[PDB]
Amino acid sequence: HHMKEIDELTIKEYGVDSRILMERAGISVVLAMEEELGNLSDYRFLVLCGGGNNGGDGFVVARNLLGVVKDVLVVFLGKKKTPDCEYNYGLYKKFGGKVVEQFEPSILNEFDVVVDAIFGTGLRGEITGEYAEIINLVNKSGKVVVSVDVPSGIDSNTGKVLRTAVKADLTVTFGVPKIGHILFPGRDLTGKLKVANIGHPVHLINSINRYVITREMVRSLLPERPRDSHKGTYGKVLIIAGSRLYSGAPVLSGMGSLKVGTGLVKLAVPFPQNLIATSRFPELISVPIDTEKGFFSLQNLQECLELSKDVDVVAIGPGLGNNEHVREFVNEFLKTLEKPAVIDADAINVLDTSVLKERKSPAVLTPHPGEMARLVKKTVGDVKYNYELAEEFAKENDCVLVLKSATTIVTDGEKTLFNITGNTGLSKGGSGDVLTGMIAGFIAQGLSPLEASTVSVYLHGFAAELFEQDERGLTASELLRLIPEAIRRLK
Amino acid sequence: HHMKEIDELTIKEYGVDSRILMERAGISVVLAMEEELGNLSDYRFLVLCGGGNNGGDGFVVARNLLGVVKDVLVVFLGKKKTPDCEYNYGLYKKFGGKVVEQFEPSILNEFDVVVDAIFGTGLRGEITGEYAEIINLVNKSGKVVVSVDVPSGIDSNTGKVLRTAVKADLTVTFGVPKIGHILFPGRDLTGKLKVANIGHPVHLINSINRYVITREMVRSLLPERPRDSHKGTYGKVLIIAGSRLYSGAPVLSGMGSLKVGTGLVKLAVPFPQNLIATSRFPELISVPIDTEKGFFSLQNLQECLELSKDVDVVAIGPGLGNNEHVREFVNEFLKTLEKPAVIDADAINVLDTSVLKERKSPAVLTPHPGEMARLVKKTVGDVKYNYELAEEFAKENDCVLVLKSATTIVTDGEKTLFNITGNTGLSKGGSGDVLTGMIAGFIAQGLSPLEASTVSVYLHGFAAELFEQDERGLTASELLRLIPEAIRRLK
Amino acid sequence: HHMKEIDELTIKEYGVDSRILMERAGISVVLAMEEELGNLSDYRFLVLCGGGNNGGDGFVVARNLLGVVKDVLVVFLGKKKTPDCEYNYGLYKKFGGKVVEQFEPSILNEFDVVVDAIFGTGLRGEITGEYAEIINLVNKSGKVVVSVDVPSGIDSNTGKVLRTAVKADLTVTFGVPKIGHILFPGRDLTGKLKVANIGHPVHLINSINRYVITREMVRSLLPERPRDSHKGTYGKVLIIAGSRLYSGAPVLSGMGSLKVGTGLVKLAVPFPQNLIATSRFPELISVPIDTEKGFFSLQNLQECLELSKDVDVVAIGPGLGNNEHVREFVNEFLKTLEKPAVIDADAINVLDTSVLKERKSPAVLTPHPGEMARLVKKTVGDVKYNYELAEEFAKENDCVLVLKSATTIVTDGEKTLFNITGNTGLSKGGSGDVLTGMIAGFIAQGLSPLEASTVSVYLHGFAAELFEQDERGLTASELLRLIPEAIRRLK
Amino acid sequence: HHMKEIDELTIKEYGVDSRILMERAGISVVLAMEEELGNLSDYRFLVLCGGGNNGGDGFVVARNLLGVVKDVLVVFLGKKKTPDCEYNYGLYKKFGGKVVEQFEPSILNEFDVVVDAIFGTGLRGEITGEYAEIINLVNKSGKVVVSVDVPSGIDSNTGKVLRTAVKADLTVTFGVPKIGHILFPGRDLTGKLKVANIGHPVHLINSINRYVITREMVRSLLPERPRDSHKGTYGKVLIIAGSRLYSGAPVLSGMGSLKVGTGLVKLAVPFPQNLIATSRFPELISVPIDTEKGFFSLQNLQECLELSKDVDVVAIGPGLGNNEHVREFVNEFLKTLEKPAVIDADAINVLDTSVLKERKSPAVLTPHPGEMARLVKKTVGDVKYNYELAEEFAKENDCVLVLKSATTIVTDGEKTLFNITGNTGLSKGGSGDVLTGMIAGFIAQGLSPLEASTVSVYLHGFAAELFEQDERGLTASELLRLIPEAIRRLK
Amino acid sequence: XXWXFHXX
Amino acid sequence: XXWXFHXX
Amino acid sequence: XXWXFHXX
Amino acid sequence: XXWXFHXX
């Protein structure tokens, strides 16, 4: 399940001396710095070591720089040392390394690089006292900061800052990325992350059931485009969206499905707002739904169920509005719909989760954290980046949960993936509407809900990154344009 | 407050001999010409000097070209000479420089470059007589004209032509740009402006409370795009615009807000004209406003106030029309709205300024000079480029005034900035609608009204300059497209 | 003095666990292969391991490729295993690595890369039996061969093949290059050599008193060319060379001195053969020596001693001939000459070594191995690459011995350097004549005899490598031309 | 005659306030640093000021950096201040500049650039005491050093170091280069020299009768190559050179004449050494001179005088040897020769200067300083870079003296030029032989002796600089090859 | 080349 | 390089 | 970059 | 451009 367990098995069961793992970790930090800084000869290194195995790794780094760079100094901050940190402290001194135990603030102007080996993974407690003072000084120093394993002060299991943390230019971790490298604020504090192989059995590395979504994984999940194909080959999507107030949502979702290669995309949108979609993109089918007052209601249940009969996936929620008639409609519809559903935005906001448990057919929910918060009646702060909550929600409700944020969590309760593509251009209305259609699109082409969600979050974000100008000018329409280049660039 | 005061302090208080300041000024003119013309050896220079310190600077220039270029002649036009001009006349002659006091028209075909040191800053009176005749000849001569400080005949405090003025290819001024280099017609007559450092204390240079808006200033005001952000981070804008007659205005304003990185943009537009916006840009939220006859009225006050509750900034005015019902609505709305307001176009045209004074919340008004003229019941000629009037208006009404023109004046009554980005492509309907949304956008993301106005005017104009073809073909839609490249190019 | 001693101190005195050193060695082999082969995923690796620590290193390599490349198999050839090889065998198996103990010949067509970790350093005995059979098969296999430490079968202390040895494409050794990587045949069998840092204290690495001559070392020994210099600054060389039979030798030596930056070069050559030198290169001074029969004799002793008075270094021997009169002359001359002497070719062939011991002034002898063999009355096979013999000769005779070969040995009996620049183009008459002058040149400019010899051998060879066409067309004249480019390329 | 006199006239006679000259000097230092360092914002400047006008200039520099760069500090080292240094100290402080009077050694690690305004021109006395300590520290500091006027410690009239001097990366002097920038060691300590125009009348700048030889001056002295020309147009040279011992000298001189465009070049060289020349370069005419023992003597007077009849210039001395018979010959020849003579090497060594005074025809003598020393019976240290001695020698003997060194002095006693082209490749036998022929060549084509000497020294050196590889490999033959490219590159 | 390090 | 001149 | 390997 | 500075 995690890395301290993997280290332990590697030592106790496989028989790798823990000092070897530690040597490799330290060495890996040097090679990583060398590849980020170039030739390290001319640099002066201040290594800050705790008494834990993180500090021990730091002593390996320091020892390995000895004689090879302009200067090395270790400021040992701990009170006691673990056996392996003691051994490596011992070797550092044997090799003629200078250690001091007092951090004088002025010390860091005598150095170019700060190697932060103070606290490692599974630091639980809030950092106060002189440790904090030291970390704040380092962060104010403007020196190049390389963190060993995780920037000190980051909770490696959550990415949260434990009152204060080091901001690293480079972080070299071992075996796998840690949840705290991947979730914010931790992801910001990590800087450039390198994941070193320090000798764990590859089996154990793959015993891990949480993953960053990579280009290669998405390449391999992307559906086949067999030459002898027809529209039918690539699935049919229904998208139930829009209202008199939110007329543009349907267009973005629908176009999202098409840009990912779906054969046929149909919108059901209240008339005359349905016409907005085909004016922009006449490839779309935008069916007029006659409504009393501009919103879906139970009056439209039957028509939408009929439209659902001849499609593979239904996406619902973008721009529907939130009133009681929409609520009634969304829940009766989903209760009755025997098709995969991608449930977004306003459909989540009116969703009765009982309905979701009772469904035989699959679902993907794509909440941003305020939607999630209302859905589970928690605070945004409770739900934001809360991967365990999202897992348990998915497991309980037999759905795939795509909890959106700068790092997006995709989980079915068994497998949990983290998306790290994207930029702040996606922090703008319309973005989510696009993703919703992409997911439905990929489901329609035959990917499982989880697969479709993995692929979509990855591309949606990668497409935002391909925008040619400043990210903050990115809009959903331009994002749609960029989707096929993102797919090309996968391959 | 200004440059003659800065010179005086630098002399009397700091103790820099006025002759040193003058030497530096003259020398700076030579180096500036050298960098515009390349090697000055092969050129023949006609220096035209008045009896003021501008003329004195000219004698420094002439003396410094002596022996170093093909020819130098000074035509001294003054009747008397200031002490420093006398000293430098004296040195020019000592160094073997030829001076004549008669301007024979034919003289200028014997020269390549005319150095205009006739009249400097704070020339108050209309130029007539032989001075005029001379300046007209120079302007008809087709020679390269370098003006010392300001082109002679330009009022350095207003940019107005005092009956006639020199048209310079290059102007070298000292310490800071002068208002007359920045405002038209002065800005046109200045040609290429170089601002020389001639030795004033940097403190005094910064004692100045009027500024040209620069790339660097805007770069530094641009809001932060923190990776761990959501739509909410980047603000919410309401835009109240449009009418049955002016259906496209809302689309441009709304899109202006989005292109500058605003998280959520909502328009309130009379139905069915609201649908025009989402057909063009479905990322927008365009709310249908039910109106009696195609225009906002008091019947819509309550709905717009409700819509205002859940946003950061309201922009109002683009395409609203000008009737009594619009007037009633705009003024009751703004009287009651406890949110920053960006007040444009037709909203300014019906604005009761009493309402503006009585508002607790901030405002930005974005008049073109005809709108300003009607707003303060003055002639366009009174208000155009009238920075003092705009300051006093802003100070009186507790607003930020963005008085649009080829040079745009942004002021809060305390700080006054001048924008010089842009081109005549912005002299076309729609342009102002874009700027209005950008401002609201930047306010929504957290910039003060003045900051948002500074940044926006700069980019709006820079974006027009990035258009790839002839400026006169620029339209607002293309301008929107260019905004994110302008922002990229800032950085 | 050597590497097994350095390992031992690093372990016993410094306290580095021998398993750590071994892990680092193995890891270093993987990274070296990765950098020579690129991504190793698609490769199949046959690792051949002995029971020694070389084999142990191989098990580290194999373990570290496990799970990461297409295939790994270890053929364990040993009968018993050292403790560290046992530990790493143990880990390899724990990690799921396949080991067999039988080498079936067909096995190597199932693999792309053979990792030779059979025998390491300090293998003393001739390889016969199945070990030989295996090594011969590997060499016939045409697979990529990477040797750990040294190609198996090479004596690491001499470079000699112990009946049979592996021919490697790449060899990764640790700490320092070994004498067997540097001397032939070992140097040929090594292929591309990478010297890995596996964690020995840098002090111990530098405890070694034998060195490969590097670009950086030569750059740093190169004399200063102070701008305010005259001919006198850069020394004066006398070269006593030539005979009626060998007229071109003097020209090459003399020109060798000049091309390395010597201020003044004078030849004493029997008339009229002296004229040959200034016809080719009129910059030279070529003094006519009147001789009875075309060769130097005691009749010329006095004249050469007089010529020696006003120079810094005398080079003698190139093209003198070998008769009794030359013998008498060379030995009386050197006995009496109180100047540094560079003794080459025929001067070595007639040299009485007693004379050499009895000299107060320094000497450099530049024998090829046949000259050395005659000089010490040994067989060429005894003397070729015999660095210990050359050291003892230098120590005994208070000289610097430059024993020429594809690897050239430069030693003063205390410090021993190995030159590895050059190519077979230097295996041609005239080459040595050039080197002789270069040495004298560098001595004249102020380098010690050893320094001058180090720099010269390096450049002489580097200059041969800069020849633009096939090396076998290289001649001494072209080599002279290339010397200044070699010196430029140093810096 | 010199710069303090020029300053004084500019002030007292022309009427330029000395403070203006000083402002310009200081400003010029800033602009020069800006052009060497780029944007100076990010730099910290330590300005070291004496109490003289050099220090005063430094205060101008410091004041002008105030507010504009990261840091400025002035360490004022003087005891008293001149009026203008007092004024500028005063202004620096008024502008908020920090001054200290104690130089603490550690101070220079807080700064990037040291501006050395301690001692200016006409420092006479040896620097000892704390001034020395300070200058030594600066030189050990490894900071960028900019010297004002001259590096402190250099005698501006001789280039000699007054016990210790600053080594500058950049030196900014005013009006003209000073003799101490041009002669070594001063020329080395100066680093990159910029000569600023600080406002002196151009007449006074040209009142100076000592000059650096520039490309433009040489371009303009180069003789005309009229299309309708014959061999005869380009002059005829006789070169009397060579001996049995020095056979290659004639070839180099002769080829030197041809490469500069001389129509006909004839050597008189003792047979058979004359044959060496046409074997190398068959374009040459090399006349056999029958001699008793390999050297010219009075037996050859008549033949050489006859050969002199049908040429324009005779060059004599290269490789003649120094015996009494050569002495007799050289002096009777020159006493009798009614043709311009270029007298080199061994001809100078046997020259009776009485003979030189008594000649109606012109002469150029080309001594290196050891030849000059013997010629005037002074020590090399007396004569080296002794431009006044060379002037007086030329004036007394009615000759042009080309006193060779890294800076070569060419003088006729009235005009004195300094050559600064070349490199240490010219510090090698043969170099001077080439120059000798070039001079004779240029005289033959019609340049005066002084003109021919100016042009030749310049090109000889420029040709050495065009060598493509390391300068120390340059030989005279290669120098000959490079002469026509040097001439091309002039134009 | 990827033996030692993986990306993000 | 900006010591002497600023732009517009 | 030279921490791990030296050349020949 | 040569108004201010000459070379060597």
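Below, each value reflects all heavy atoms present in this structure, side chains not excepted, and no hydrogens, waters or symmetry copies. Numbered from 1 within each chain, the chains take letters A, B, ... in sequence-line order.
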Separation of [Y] [atom2] from [X] [atom1] (nearest 0.5 Å):
X        : Y        : atom1 : atom2 : answer
D:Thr407 : D:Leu183 : OG1   : CG    : 6.0 Å
D:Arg187 : D:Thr171 : CZ    : OG1   : 13.0 Å
D:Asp412 : D:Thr454 : CG    : OG1   : 9.0 Å
D:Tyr387 : D:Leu403 : OH    : CG    : 13.0 Å
D:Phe467 : D:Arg481 : CZ    : CZ    : 7.0 Å
D:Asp398 : D:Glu358 : CG    : CD    : 10.0 Å

* **Note: C:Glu283-C:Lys259 ion pair, threshold 4.0 Å (strictly below)** =>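 Not counted as a salt bridge, because no side-chain N and carboxylate O are separated by less than 4.0 Å.
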* Could you tell me whether D:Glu391 and D:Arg210 make a salt bridge, using a distance below 4.0 angstrom between a side-chain N and a carboxylate O? =>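 So D:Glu391 pairs with D:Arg210 through a salt bridge.
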Would you please say whether a donor-acceptor pair under 3.5 Å links the side chains of [X] and [Y]?
X        : Y        : value
D:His460 : D:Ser431 : yes
C:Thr278 : D:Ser247 : yes
D:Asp344 : D:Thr436 : yes
D:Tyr385 : C:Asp228 : yes

Would you say the side chain of [Y] lies within less than 4.5 Å of the side chain of [X], judging by non-hydrogen atoms?
X        : Y        : answer
D:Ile316 : D:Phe329 : yes
D:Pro318 : D:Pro250 : no
C:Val265 : C:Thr262 : yes
D:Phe462 : D:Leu482 : no
D:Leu298 : D:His325 : no
D:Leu284 : D:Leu267 : yes
D:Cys304 : D:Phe296 : yes
D:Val313 : D:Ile439 : no

* Report yes or no: is the cationic atom of D:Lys428 (NZ for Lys, CZ for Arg) closer than 6.0 Å to the six-membered ring centre of C:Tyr234, at no more than 45° off its axis? =>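 The answer is no; the distance or angle limit is not met.
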Contacts of [X] that satisfy side-chain hydrogen bond (donor to acceptor under 3.5 Å, both in side chains) - sequence neighbours left out:
X        : answer
D:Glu465 : none
D:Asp433 : none
D:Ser427 : none

Side-chain ([X]) to main-chain ([Y]) donor-acceptor, under 3.5 angstrom:
X        : Y        : answer
D:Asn331 : D:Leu351 : no
D:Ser229 : D:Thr233 : no
D:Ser243 : D:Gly319 : yes
D:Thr214 : D:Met217 : yes
D:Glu471 : D:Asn423 : no
D:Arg359 : D:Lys339 : yes
D:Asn300 : D:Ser297 : yes
D:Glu332 : D:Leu301 : no
D:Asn322 : D:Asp346 : no

* **Worked verdict on D:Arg327 versus D:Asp352 for side-chain contact (heavy atoms from CB on, under 4.5 Å)** => CA-CA 9 Å; D:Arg327 183 175 296 276; D:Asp352 185 357; over 6 Å; no
To check you understand the geometry: which heavy-atom pair defines the closest contact between [X] and [Y], and what is its length?
X        : Y        : result
D:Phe333 : D:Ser308 : CZ-OG, 3.2 Å
D:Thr421 : D:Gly461 : OG1-CA, 3.5 Å
D:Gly441 : D:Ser257 : N-OG, 4.0 Å
D:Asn274 : D:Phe271 : OD1-CA, 3.3 Å
D:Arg374 : D:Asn349 : NH2-OD1, 2.9 Å
D:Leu320 : D:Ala241 : CD2-CA, 3.5 Å

* Take D:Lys178 and D:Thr173 through the test side-chain hydrogen bond (donor to acceptor under 3.5 Å, both in side chains) and record every step on the way to the result. => CA-CA 8 Å; D:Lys178 317 281 180 290; D:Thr173 198; 2.9 Å; yes
* To do: I would like to know whether D:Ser405 and D:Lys384 meet side-chain contact (heavy atoms from CB on, under 4.5 Å); could you show each step before the answer?
  => CA-CA 8 Å; D:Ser405 282; D:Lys384 199 164 161 197; 4.2 Å; yes
* Stepwise side-chain contact (heavy atoms from CB on, under 4.5 Å) test for D:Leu204 and D:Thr10 -> CA-CA 8 Å; D:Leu204 293 182; D:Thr10 303; 3.4 Å; yes
* Please report the C-alpha distance between D:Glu303 and D:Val287 in whole Å, then the side-chain angles of each, then the deciding distance to 0.1 Å, and finally whether the side-chain contact (heavy atoms from CB on, under 4.5 Å) criterion is met. => CA-CA 10 Å; D:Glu303 189 174 6; D:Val287 177; 4.3 Å; yes
